[PDB]
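Next come C-alpha cells for two forms of one protein chain, structure 1 first, structure 2 second.
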Structure 1
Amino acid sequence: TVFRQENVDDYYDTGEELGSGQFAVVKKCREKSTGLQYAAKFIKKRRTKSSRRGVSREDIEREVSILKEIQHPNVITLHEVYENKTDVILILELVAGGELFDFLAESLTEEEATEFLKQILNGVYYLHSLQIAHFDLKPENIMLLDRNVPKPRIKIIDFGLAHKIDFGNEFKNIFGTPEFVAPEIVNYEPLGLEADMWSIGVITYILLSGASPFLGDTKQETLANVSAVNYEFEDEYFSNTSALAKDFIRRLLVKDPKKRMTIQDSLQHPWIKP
C-alpha cells in the first residue's frame, strides 16, 4: 500500500516535539487548510532489505492498517498518512496532556487509579473485540487529554507492536518493554490477546503503589522475574489498598495465559463492575 507523496510541509506546519523513540519522532502540527491540530509521527524507513535500522515496510503497513480500523474515545485515531524516501509520516490525533507516566511521577487513591484503569479497560475492550493485540501497554503509552482536571481522560497510543490475532495466537518476532511483557513474551511462546491483560495487571500495580512489580537491576533480572512470576504486594505500599484491588491484580498476573482474566472478565470483576 502506498501513501500520500506530496511534501507534508505543503499541508502542515510543525511545532513543538511531543515524543521521541528509537525509530520515530512526533511533532505537534497544524493543518493549513483547516487550522486543526494533530500529532505528526515520523517513522524512519529501512534503507536496505537486510538492515536492522529503520522500520520495515511490512511493519509500517501493519501499524497503519490497524490504526485505520480504530475509532474509539480511548484510543488514538489516525487522520492521514504521508511518505517520502526517508519516512512514513502518520498524522495522528493530538493529545496534549502528556504521558500517564509523567503524570504519575507528579501514588493515587484507589478511585483515581480506577478512573484511569476503567478508561484503559474500555479502550482495550474495543481493541480486543476487533482481535487487535496492542503488545506495548505501559504508562508511557497512555496519553492524557488534559492533565489539569481531577479525573484526566486518556487515549491509548503507540501501535508499533500491535497485531491482528486471527487464529487466537501469533508466533512472530514480538518483544516489548521488560517491566511490562508477559511470561509468554519472555519465553518466546505463541502470543494472543492475553499478553495485554498481564500488562494491565502491571499497570494497575504501579498505579496503586508507585512501584514496579517485577523490576530488577538489569533487564535480564526483570525478564527472569516476569517468567517466575516473582512479585509480591509490599505492605509499605499496599497496607491501605483494598484486598479486592489486590485480587484484581492477582488474577491478571498469572503465568498460564488460559487462566488469566480476559478483558471481559476484568470488566465484570467486583473491583471494576459499577
Structure 2
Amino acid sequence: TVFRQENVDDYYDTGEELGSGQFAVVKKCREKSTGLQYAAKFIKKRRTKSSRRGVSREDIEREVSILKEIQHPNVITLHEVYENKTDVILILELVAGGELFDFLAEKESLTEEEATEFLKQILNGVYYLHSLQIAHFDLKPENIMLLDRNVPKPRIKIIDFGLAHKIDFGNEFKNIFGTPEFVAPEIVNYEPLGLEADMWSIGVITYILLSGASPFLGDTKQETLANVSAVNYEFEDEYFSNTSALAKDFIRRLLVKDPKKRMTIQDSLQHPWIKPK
C-alpha cells in the first residue's frame, strides 16, 4: 500500500497511447527532471467490492510488491507508482521494439542457432525469477518484448506480472487461469500450481518459435483445453522437417503432463540444445 499521492502530471509529460486492455492503458511519458522516457500504465481501480469493472487492490498490491523485488536485464523494471481516486499508475521501463515474434516474422529465414540466442534470453529471465521463487504464470509470446529492434543484438524484456505469485512453501496454490493455448494442464484441471507451469509455457513458446504453428490451439476454446489436458500435440513434417532432434527433445522434456517430470529451469539451461557439450 502507501503509493505516491502527487499528481503524475506534475512529474511527467504523457503522450500517445501505446496500447490498451480490459482495465488498462499504457502511454509513453517523459520524466520532467531527467528527460528520460518511460511507459505509464494506468490501471483502473475496482472502487466497490461488488463491481466487476476495475482491478482489486489485493491484485495490484501483489503485482507491485513482486515488481519492486526484481532487478534483471531480461525482466521489465518498475520505476515509480502513483495513485489517484480512480487509477494506480505504474511508471515502467519503456520497451520500443514491440513483440519479439512480430520482429522475427519480418526477417528472412532464421536459423535454429539464431532462434536459440533469443530463447536463451527468455531462459535467463525465467532462471532469475524462479531463483527468487516467483512464478510468472502468464508466459506467452505477446509478453516477450524487445527493448530496441534497431541494434546488433536486440535485448528481450519479460513483461506483465498480473498473475505472478510468490511460491509459498506451506500452502498449495490452485487456479490462475491465463490464456488456454499457453497454460499447463494443472491450470486447466485446477490442480496444485508451482514453478513448473512456466516451464510448460516455455515449451509452447519454443514450439511456436521454431515452427510458427501453435501446438495445442484447436477450433474452439474447449478443444484447446482438451488438447492441453491430454497432451495431444505432434511435430508435423510440414512444420518441422528442418528441425533438429535436439530441439525436439527439448520441447518433449517440457511438454510433460506430470509437473514433477518436467524439466526445471536449471535443467533447461544445461540441455545439449542450449549448451552444446
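Whichever C-alpha set is largest while still superposing within 1.5 Å between the two forms counts as the rigid core. Residue numbering: sequential along structure 1, first residue numbered 1.
Self-check item: Core-superposed comparison between structure 1 and structure 2 - Cα displaced by 2 angstroms or more, from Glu170, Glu80, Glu140, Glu93
Solution: Of all the options, the C-alpha that shifts by at least 2 Å belongs to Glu170.
Quiz prompt | Core superposition result - C-alpha of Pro150, shift between structure 1 and structure 2, Å | solution = That residue's C-alpha is offset by 5.6 Å.
Quiz item: In Å, how large is the C-alpha displacement of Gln220 between structure 1 and structure 2 after the rigid core is aligned?
Solution: Displacement of the C-alpha, rigid core superposed: 1.3 Å.
Quiz item: Once both forms share the same rigid core frame, by what distance in Å has the CA of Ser51 shifted between structure 1 and structure 2?
Solution: Between its two positions, the C-alpha of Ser51 lies 2.1 Å apart after core fitting.
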